[PDB]
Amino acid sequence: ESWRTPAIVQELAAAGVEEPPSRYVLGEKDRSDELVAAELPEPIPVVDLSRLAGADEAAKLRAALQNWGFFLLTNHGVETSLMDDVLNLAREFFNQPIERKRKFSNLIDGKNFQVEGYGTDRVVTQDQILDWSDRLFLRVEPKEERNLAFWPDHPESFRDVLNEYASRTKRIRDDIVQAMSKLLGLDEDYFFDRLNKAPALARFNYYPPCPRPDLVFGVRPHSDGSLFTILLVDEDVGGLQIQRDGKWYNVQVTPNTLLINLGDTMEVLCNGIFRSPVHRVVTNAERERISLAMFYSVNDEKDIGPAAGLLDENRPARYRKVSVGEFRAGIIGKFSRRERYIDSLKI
């Protein structure tokens, strides 16, 4: 539409067009020698969850979070069948006649936008540049505010499998949070008063093949606004890239393994001892890419600011203190305008 109903990017790829529409083509500064990325100069940071209680593993986590802000997780205890099934739901739901899929459109009545549903993100302005990907955004926790009406019916086990996956990742959320609290010198339960009744958001990404991968981004360069994200990818074959010291690095998520990356809230909360990585996804011209991201956010208990226990007067606050509503307003708000909120809070 004009800008009220952006078209589903999967239908633009199935049109067999050789060029993308003008609303998807980036600028010259964003299309400079960046999309041709390198690969990590060292073995990709890998944390073994089943051994994270040991100080050896906790030091591997520390180096991952200090150097890169993300890592791959192994021996995480999520069954291979469950990871295959939850990704089969996205595979099955996305690979559907579109009349079936439009029933869960995040543009209710075709004109009013919301975050929860199937489609793309918010289009504030007509000249805004749109990503070459579709999404299915679902709030999974707390279960009391779960909007099942937008949860797809096909396959007929979507709610059960996604709920099962949500309860598996909970243990991963708890273990990693406990580990980092010890790494930061805080109480190992420090972060759990901020997680009671906290939002858990599931994002099903469909990056369709693009005839011109040089002109578009699967998702724009960005850092997550969560505490951290668990990422699950279906036979990655590439596309995800992460930035470190200006340079984009190609990161491939090995099948049956999970990628954990930090969000902007964690960087502020830990005063920037670990940082939230800025990342993006590149499209390819042959095959599509489906990923499931689980965002774990903080409740409205306390304001988002550096932890009291990480600040003496010789380690002052590098970041401001803002409310939860102000924080979330800007991660979403600055995502559309292609800026990074957390820079504005840095002192």
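Residue numbers here begin at 1 and follow the sequence given.
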Would you mind comparing 273-281 and 102-110 for me and telling me which has the higher average C-alpha temperature factor in the entry?
102-110
State which stretch shows the higher mean Cα B factor in the entry: 130-138 or 159-167.
130-138
I'd like to know which of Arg51, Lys60, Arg289, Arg315 has the highest C-alpha temperature factor in the PDB entry.
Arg315
Taking the values exactly as deposited, rank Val115 by C-alpha B-factor within its chain and report the matching third: lowest, middle or highest.
highest
Check where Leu240 lands among this chain's C-alpha B-factors and tell me if it's the lowest, middle or highest third.
middle
Place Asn299 in the lowest, middle or highest third of its chain's C-alpha B-factors, as listed in the PDB entry.
middle
Is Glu188 in the lowest, middle or highest third of its chain when residues are ranked by C-alpha B-factor?
lowest
Name the third of the chain's ranked CA B-factors that contains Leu26, choosing lowest, middle or highest.
highest
